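Respectively, the protein sequence lines represent chains A and B. For reference, each letter of the first sequence is one residue, going 1 to 2, 4 to 248 in the authors' numbering. For reference, each letter of the second sequence is one residue, going 1 to 2, 4 to 248 in the authors' numbering. We put the beta carbon where it would ideally sit given N, CA and C, even for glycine.
Protein chains: 2
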Amino acid sequence: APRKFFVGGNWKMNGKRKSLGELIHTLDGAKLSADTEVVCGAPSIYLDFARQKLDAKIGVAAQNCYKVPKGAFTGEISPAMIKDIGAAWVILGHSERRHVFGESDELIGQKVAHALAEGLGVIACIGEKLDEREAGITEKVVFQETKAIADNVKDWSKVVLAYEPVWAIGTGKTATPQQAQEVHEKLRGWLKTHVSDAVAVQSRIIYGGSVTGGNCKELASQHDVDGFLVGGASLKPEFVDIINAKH
Amino acid sequence: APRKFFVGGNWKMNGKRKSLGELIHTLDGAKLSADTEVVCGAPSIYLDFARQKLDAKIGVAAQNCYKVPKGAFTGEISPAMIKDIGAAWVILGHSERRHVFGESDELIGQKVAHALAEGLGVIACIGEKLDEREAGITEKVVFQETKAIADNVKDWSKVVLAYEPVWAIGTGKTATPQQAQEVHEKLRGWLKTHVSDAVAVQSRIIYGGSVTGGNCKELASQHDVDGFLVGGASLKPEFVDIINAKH
């Protein structure tokens with residue numbers, strides 16, 4: 001019913018001890034709260050710090066999770082880890098991961114599944130890139146991925162869908178309230194039809210682009226939109242600023 | 001001599018708070034030589050606990066980093082963060098990476114370079130698998146790998162080469178102390194050839210395979226060998242048994 006407004010703060014491979022501490026402190030002070038779910042995610046390591054310095058209110062989700070409990074994979078890491086330490090979420094399927102590391106739909110799926118099985122909140126990143134939007138495969142792209150996700154899935158009372166349009170990410174161009182509504186609406190419907198009303202309904206859909214001070218408001222002011230994923234911007238008081246979005 | 006036993010513990014993802022602590026303690030209360038250099042690397046989010054904890058004389062590494070400091074690489078850890086925390090050792094292009102993910106020469110190189118740059122110690126993985134070993138192209142591959150490394154590199158003091166016998170990967174096989182000696186000697190020549198005498202001489206080549214108390218002395222004595230890049234072993238006291246079941 002709610004579709005509780007959701008803000009995702011993804012720190013990326015940025016932030017130094019100092020700056021990060023700063024950011025967190027700020028966020029804490031930052032009364033602004035509301036009926037808002039704010040989830041912060043930072044590099045594996047900084048992870049612990051994050052947990053420890055931060056406060057409940059802001060959930061800590063990590064970018065990139067690995068399927069399997071334990072194993073032989075120098076580099077990677079298992080969710081159990083963040084778990085034992087203090088993280089409760091995990092974002093995967095990020096256009097970035099998609100493009101640079103070659104992760105696969107199959108991978109996203111397995112990931113998702115393990116995480117859930119293991120009690121981890123999941124954040125599925127689904128995305129389209131200029132070139133494809135163009136030939137007109139938004140449909141195919143998004144629809145497929147979501148398929149993958151749900152398929153591997155096993156319930157959502159802990160799941161969010163974040164829609165990324167790369168056709169407008171550092172690729173020159175202007176992404177409007179509109180394109181968002183449009184694509185969002187559609188995903189939703191796909192969702193609904195393939196899974197069921199309850200699911201369709203309770204599952205939250207957030208905007209994955211350049212979300213700033215003014216945009217946030219602008220976008221949420223939009224119907225079938227329940228949240229967003231901030232990067233760049235997120236680095237500053239912008240987060241609060243943005244989070245504050247509302248009708 | 002100018004060259005001391007180099008022992009590196011690659012924990013992969015098996016990590017647990019309890020476990021780690023105990024291991025550490027044991028290790029720390031343990032008696033280790035000074036002609037031997039000991040360093041261990043594990044999950045980004047444990048790397049910190051590790052340092053906070055472990056006895057000031059034990060070395061520490063990241064089994065990975067992305068070829069960029071501050072950037073948009075969801076899930077990637079940076080050389081820079083490494084240092085910021087206070088880490089000094091980094092691991093690039095390991096077999097696991099390389100074959101169950103998709104990491105390559107150019108990549109590895111670029112990385113090694115940046116790492117060297119950020120004043121960090123580079124640990125580079127060179128690997129020979131079944132097919133290659135077989136054809137007898139192992140040589141070719143190893144040398145090409147070494148060069149890539151080499152070129153990216155230049156400051157051979159904070160530069161360590163680790164040799165991986167894969168053909169001893171779910172093959173029901175086992176690498177002969179002969180084979181490894183062979184590999185090591187040939188690698189040294191190649192380096193000798195390409196860079197110079199000084200290099201060839203000073204440069205540390207370590208074994209990236211099995212390794213236990215019962216193979217330890219033998220192996221180590223092996224002559225042309227400077228140590229181990231150990232997996233399993235470094236989780237429990239087996240490591241220390243080794244460390245001191247070396248002499």
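Continuous alpha helix (DSSP H) stretch holding residue i: start and end
{"i": "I207 (chain B)", "result": "Run containing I207 (chain B): none in the alpha helix (DSSP H); it sits in the beta strand (DSSP E), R205 to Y208."}
{"i": "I86 (chain B)", "result": "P80 to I86"}
{"i": "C217 (chain A)", "result": "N216 to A221"}
{"i": "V113 (chain A)", "result": "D106 to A118"}
{"i": "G190 (chain B)", "result": "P178 to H195"}
{"i": "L121 (chain B)", "result": "Taken as a continuous stretch (DSSP letters only), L121 (chain B) belongs to no alpha helix (DSSP H), as it is neither H nor E."}
{"i": "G30 (chain A)", "result": "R18 to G30"}
{"i": "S235 (chain B)", "result": "Note, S235 (chain B): premise wrong, no alpha helix (DSSP H); not H, not E."}
{"i": "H100 (chain B)", "result": "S96 to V101"}
{"i": "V143 (chain B)", "result": "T139 to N153"}
{"i": "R4 (chain B)", "result": "Premise fails: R4 (chain B) is in no alpha helix (DSSP H) and is neither H nor E."}
{"i": "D156 (chain B)", "result": "First-last for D156 (chain B): undefined, no H or E at that position."}
{"i": "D132 (chain A)", "result": "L131 to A136"}
One or two residues paired with residue i in a DSSP bridge
{"i": "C126 (chain A)", "result": "A:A163"}
{"i": "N11 (chain A)", "result": "A:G42"}
{"i": "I244 (chain B)", "result": "Answer by DSSP bridge pairing: none, since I244 (chain B) is not bridged."}
{"i": "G72 (chain A)", "result": "B:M14"}
Residue of the options minimising C-alpha distance to residue i
{"i": "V226 (chain A)", "options": "A:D106, A:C41, A:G173 and A:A181", "result": "A:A181"}
{"i": "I243 (chain A)", "options": "A:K17, A:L48, A:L28 and A:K19", "result": "A:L28"}
{"i": "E165 (chain A)", "options": "A:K54, A:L108, A:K58 and A:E183", "result": "A:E183"}
{"i": "residue 265 (chain A)", "options": "A:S211, A:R189, A:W168 and A:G210", "result": "Past the edges of chain A, shown from 1 to 248, lies residue 265 (chain A), and the structure says nothing about it."}
{"i": "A169 (chain A)", "options": "A:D132, A:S105, A:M82 and A:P70", "result": "A:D132"}
{"i": "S105 (chain A)", "options": "A:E146, A:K5, A:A57 and A:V196", "result": "A:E146"}
{"i": "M82 (chain A)", "options": "B:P80, B:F50, B:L55 and B:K68", "result": "B:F50"}
{"i": "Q64 (chain B)", "options": "B:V241, B:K54, B:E77 and B:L55", "result": "B:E77"}
{"i": "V241 (chain B)", "options": "B:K5, B:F6 and B:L33", "result": "B:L33"}
{"i": "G60 (chain A)", "options": "A:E23, A:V8, A:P80 and A:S79", "result": "A:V8"}
{"i": "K218 (chain A)", "options": "A:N245, A:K130 and A:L48", "result": "A:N245"}
{"i": "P2 (chain A)", "options": "A:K237, A:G233, A:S235 and A:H224", "result": "A:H224"}
{"i": "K71 (chain A)", "options": "B:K247, B:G233 and B:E239", "result": "B:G233"}
{"i": "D56 (chain A)", "options": "A:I206, A:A31, A:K187 and A:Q179", "result": "A:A31"}
{"i": "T75 (chain B)", "options": "A:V143, A:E239, A:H248 and A:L230", "result": "A:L230"}
{"i": "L220 (chain B)", "options": "B:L48, B:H185, B:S235 and B:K54", "result": "B:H185"}
{"i": "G214 (chain B)", "options": "B:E239, B:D198 and B:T175", "result": "B:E239"}
{"i": "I207 (chain A)", "options": "A:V161, A:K54 and A:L48", "result": "A:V161"}
{"i": "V39 (chain B)", "options": "B:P178, B:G10, B:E23 and B:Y47", "result": "B:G10"}
{"i": "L93 (chain B)", "options": "B:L236, B:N216 and B:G209", "result": "B:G209"}
{"i": "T172 (chain B)", "options": "B:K159, B:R134, B:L121 and B:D36", "result": "B:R134"}
{"i": "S204 (chain B)", "options": "B:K19, B:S211 and B:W191", "result": "B:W191"}
Boundaries (first-last residue) of the beta strand (DSSP E) holding residue i
{"i": "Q64 (chain A)", "result": "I59 to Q64"}
{"i": "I92 (chain A)", "result": "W90 to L93"}
{"i": "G228 (chain B)", "result": "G228 to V231"}
Beta carbon proximity, residue i to chain D, threshold 9 Å
{"i": "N153 (chain B)", "result": "In the displayed structure, chain D is absent; the protein chains listed are A and B."}
Distance cut-off 8 Å: residue i Cβ against heavy atoms of the ligand NAP
{"i": "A163 (chain B)", "result": "As presented, the structure is devoid of all ligands, the ligand NAP included, so that no description of it is given."}
Legend entry - Residues of the segment 114-143 of chain B with Cβ closer than 9 Å to any Cβ of chain A, in chain order: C126
Legend entry - Three-pair Cβ contact test at 8 Å for the segment 104-119 of chain B versus the segment 145-160 of chain B: yes
Legend entry - Stretch pair the segment 77-88 of chain B + the segment 126-139 of chain B: three plus CB contacts closer than 8 Å: no
Legend entry - Segment contact, 8 Å Cβ cut-off, at least three pairs: the segment 42-59 of chain A with the segment 7-27 of chain A: yes
Legend entry - Given 8 Å, three or more beta-carbon pairs between the segment 114-131 of chain B and the segment 94-101 of chain A: no
Legend entry - Under 9 Å (Cβ pairs) to chain B, residues found in the segment 63-91 of chain A: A63, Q64, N65, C66, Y67, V69, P70, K71, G72, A73, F74, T75, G76, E77, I78, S79, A81, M82, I83, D85, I86 and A88
Inset, instruction - Taking a Cβ distance cut-off of 8 Å, strictly less, list which residues of the segment 101-114 of chain A are near chain B, in chain order. - result: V101, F102 and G103
Inset, instruction - Scan the segment 17-29 of chain A for residues whose Cβ lies nearer than 7 Å to a Cβ of chain B and list them as they occur along the chain. - result: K17 and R18
Legend entry - Residues within the segment 33-54 of chain A neighbouring chain B, beta-carbon criterion of under 8 Å: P44, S45, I46, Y47, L48, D49 and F50
Legend entry - Near-chain A residues of the segment 220-243 of chain B (beta-carbon distance less than 8 Å), N- to C-terminal order: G232
Legend entry - Within 8 Å of chain B by C-beta, residues of the segment 151-176 of chain A in sequence order: none
Inset, instruction - Residues of the segment 185-205 of chain A with a CB closer than 9 Å to any CB of chain B: list them in chain order, please. - result: none
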